[PDB]
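What follows is one chain in structure tokens, specifically the form deposited in one PDB entry.
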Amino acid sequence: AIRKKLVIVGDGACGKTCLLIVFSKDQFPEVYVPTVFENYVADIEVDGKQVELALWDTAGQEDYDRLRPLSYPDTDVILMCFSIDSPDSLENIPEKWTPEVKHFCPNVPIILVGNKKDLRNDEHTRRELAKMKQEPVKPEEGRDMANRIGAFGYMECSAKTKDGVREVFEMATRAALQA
């Protein structure tokens, strides 16, 4: 098993910590959802290849521009996250997160991930967003942003239901293995 490194980036409200927690436990916690994620090394077999995939969160480093880049050395794949219940989190992708990752992780594949997909059709979310003249992110808006930023691909998931979570990390492993 070859070792590869994954880092997840995105705004504080994108759900990156929850996504790493749910994948690493194969479960949405029933009693207590952790506030933080330390690290984890997942054993993943994708398309017949065995990989040890080290997982890292950047939560808590968003306001610290000299500490945050210390998370990037030797990254093999970036998950760049936004929440589907937050068009504001998608707007910060192209001119804040993307130029940073391209500078510190040149030529590393980026997968743009729309988190919290279960809220796209949630009535409470649609009501709260309508007060700011907004609506949940549409799948075409996510795909178009991924296309524009030069992402390897676009994927959606829900940490709450686990739908799409395994697929995201298996595809990140495939991207990390590409030359």
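Numbers follow the displayed sequence, beginning with 1. Shifts are known only where both forms have a C-alpha. Throughout, rigid core stands for the largest set of C-alpha atoms superposing within 1.5 Å between the two forms.
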Query raised in the report: Out of 82-90 and 69-77, which one has CA B-factors that are higher on average in the deposited record?
Result: 82-90
Query raised in the report: As stated in the PDB record, which stretch has the larger average Cα B-factor, 126-134 or 53-61?
Result: 126-134
**Report entry** Criterion, highest CA B-factor; candidates, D26, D144, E38, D47
**Finding:** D26
Requested in this report: Determine, from the deposited record, the chain-internal third of the Cα B-factor for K4: lowest, middle or highest.
Outcome: middle
Query raised in the report: Lowest, middle or highest third: where is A42 by Cα B-factor in its chain?
Result: middle
Query - CA B-factor placement of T161, once the chain's modelled residues are sorted into thirds - result: highest
Report task. Please place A176 in the lowest, middle or highest third of its chain by C-alpha B factor as given in the entry. Result -> middle
**Report entry** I149 CA temperature factor, ranked by third within the chain
**Finding:** middle
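Note that the form solved in complex with a small molecule isn't included here; everything after this is about it.
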Query raised in the report: Within a 4.5 Å heavy atom cut-off, is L129 in contact with the small molecule in the deposited complex?
Result: no
**Report entry** Exercise: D43 in contact with the small molecule in the deposited complex, heavy atom 4.5 Å
**Finding:** yes
**Report entry** Large-shift segments between this form and the one not shown, meaning 3+ residue runs whose Cα move 2 Å or more when the rigid core is superposed
**Finding:** 26-28
